[PDB]
Amino acid sequence: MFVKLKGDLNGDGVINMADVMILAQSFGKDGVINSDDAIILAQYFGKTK
Amino acid sequence: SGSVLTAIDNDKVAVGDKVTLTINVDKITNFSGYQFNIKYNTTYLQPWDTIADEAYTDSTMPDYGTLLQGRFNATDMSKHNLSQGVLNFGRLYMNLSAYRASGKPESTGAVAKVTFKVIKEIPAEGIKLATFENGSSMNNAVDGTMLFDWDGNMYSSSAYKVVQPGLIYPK
Ligand SMILES: [Ca+2]
Ligand SMILES: [Ca+2]
């Protein structure tokens with residue numbers, strides 16, 4: 001959709017654990033997705049459009 | 001088959017006293033993580049950070065239980081709305097592939113412990129200590145609860161009952 005909040009990985013308009021689980025699913029697969037990305041994601045945790 | 005459930009240490013409380021809500025998962029297969037939205041009554045209760053021994057801020061993480069304690073990049077998330085009585089927090093094993101590979105799934109146990117301080121005499125009829133229910137960032141969830149497995153799948157909301165906390169009473 002038009003609105004793409006920073007950290008909204010599944011495009012539903014809200015930042016919650018389902019988004020963090022998408023980071024999680026890719027963990028171990030700045031060029032990588034790891035625990036530094038989670039810290040940023042947590043800044044946005046709870047935001048809604 | 002599975003449940004989210006809770007328990008308190010005492011249901012008769014005086015102003016000034018603290019009541020701890022332990023929250024468990026029960027038979028959530030290959031549990032990897034949860035998020036809760038928990039509404040409480042701000043006239044009577046105040047969430048209390050028992051680790052720092054002070055009031056919650058909007059980023060405060062409740063006390064841990066026994067699950068999600070392993071070294072699989074276990075990570076917290078919290079953003080409350082304290083003025084409105086809504087706790088919003090969760091924890092997960094971020095390194096899912098390593099957790100999965102451990103062959104040591106968790107499924108049953110305490111995941112968090114949320115303490116409330118009684119700041120006004122509890123009404124004689126009792127109050128519900130808290131309620132699991134969707135805040136605005138869990139609009140897709142059922143009853144304020146999301147659970148996940150070690151594949152990073154949302155553990156389906158028809159696979160488990162959320163058992164709401166009961167009542168507390170004045171001493
Ligand atoms: Ca999202
Ligand atoms: Ca990165």
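All Cβ positions, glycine included, derive from the backbone under ideal geometry; neighbour counts span all protein chains shown. Derivation of every value follows stated rules applied to the coordinates shown; laboratory data play no part.
For the residue pairs A:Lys6/B:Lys113; B:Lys120/B:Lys161; B:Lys79/B:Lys104; B:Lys12/B:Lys128; B:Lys18/B:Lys39, alpha carbon separations beyond 22 Å are given by A:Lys6/B:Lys113; B:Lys120/B:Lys161; B:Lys79/B:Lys104.
Of B:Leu129, B:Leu87, B:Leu96, the residue with the greatest mean-square motion in the GNM of chain B, using alpha carbon springs below 10 Å, is B:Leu96.
Report relative contact order for chain B in percent, whole number only (criteria: Cα-Cα under 8 Å, sequence separation at least 6).
On the way: 423 pairs, mean separation 61.5, N = 171.
Rounded, it is 36 percent for chain B.
Taking amide H as placed 1.01 Å from N in the peptide plane, the amide H of B:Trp48 sits under 5 Å from that of B:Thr115, B:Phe116, B:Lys117, each at least 5 places away or on another chain. The phi torsions of segment B:127-140, fed into the Karplus equation with coefficients 6.51, -1.76 and 1.60 and a -60° offset, translate into couplings of 10, 5, 5, 6, 10, 7, 6, 4, x, 6, 9, 10, 5, 8 Hz, rounded to whole numbers, with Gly and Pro shown as x. Footprinting exposure proxy ranking of A:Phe2, B:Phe72, fewest other C-beta atoms within 10 angstrom first, gives A:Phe2, B:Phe72. Derived scalar couplings between HN and Hα for segment B:94-104 equal 6, 8, 4, 4, 5, 4, 3, 6, 5, x, 10 Hz in order, rounded to whole Hz, by the Karplus curve 6.51 cos²θ - 1.76 cosθ + 1.60 (θ = phi - 60°), x for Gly and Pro. Every helix of 4 or more DSSP H residues in chain A counts as -39500 (n - 2.57), and over all residues that averages to -12000 deg cm²/dmol at 222 nm. With a 10 Å cut-off around each Cβ of B:80-89, the average count of Cβ atoms from other chains is 1. The Stokes-Einstein estimate for the protein assembly as shown, based on a Kirkwood radius over Cα pairs and taken at 4 °C with 1.567 mPa s viscosity, is a diffusion coefficient of 73 µm²/s.
Listing A:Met21, B:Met154 from fewest to most neighbouring C-beta atoms within 10 Å gives B:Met154, A:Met21.
Report the Cα centroid-to-centroid distance between segment B:95-171 and segment B:69-85 in angstrom, as an integer. So the separation of the two Cα centres works out to 12 Å. Using only Cα atoms, locate the centre of chain A and the centre of segment B:31-60, then give the distance between them in Å, rounded to an integer. The two parts, judged by their Cα centres, are 23 Å apart.
For chain B, adding -39500 (n - 2.57) for each run of n ≥ 4 DSSP H residues and dividing by the number of residues yields -1000 deg cm²/dmol at 222 nm.
Evaluate the charge dipole of chain A about its Cα centre and quote only its size in Debye, nearest 20, assuming +1 on the Cβ of each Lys and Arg and -1 on the Cβ of each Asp and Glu. Around 160 debye, computed over chain A.
Viscosity 0.692 mPa s, temperature 37 °C: what is the translational diffusion coefficient of segment B:41-84 from Stokes-Einstein with a Kirkwood Rh over Cα pairs, rounded to a whole number of µm²/s? Stokes-Einstein gives a translational diffusion coefficient of 270 µm²/s.
I'd like the Kirkwood hydrodynamic radius of chain A, using the inverse of the mean 1/r over distinct C-alpha pairs, in Å. Write down the numbers at each step before the final one.
On the way: mean 1/r = 0.0908 Å⁻¹.
The Cα-based Kirkwood calculation yields 11.0 Å.
Legend: ranking of residues B:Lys39, B:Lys27 from fewest to most surrounding C-beta atoms inside 10 Å; resulting order B:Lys27, B:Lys39. Judged by the ratio a/c of the largest to the smallest principal axis of the C-alpha gyration tensor, chain B counts as prolate, that ratio being 1.5 or greater while a/b is larger than b/c.
Look at the dipole of chain B built from charges on Cβ: of B:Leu129, B:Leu96, B:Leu167, the Cα furthest out on the positive end belongs to B:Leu96.
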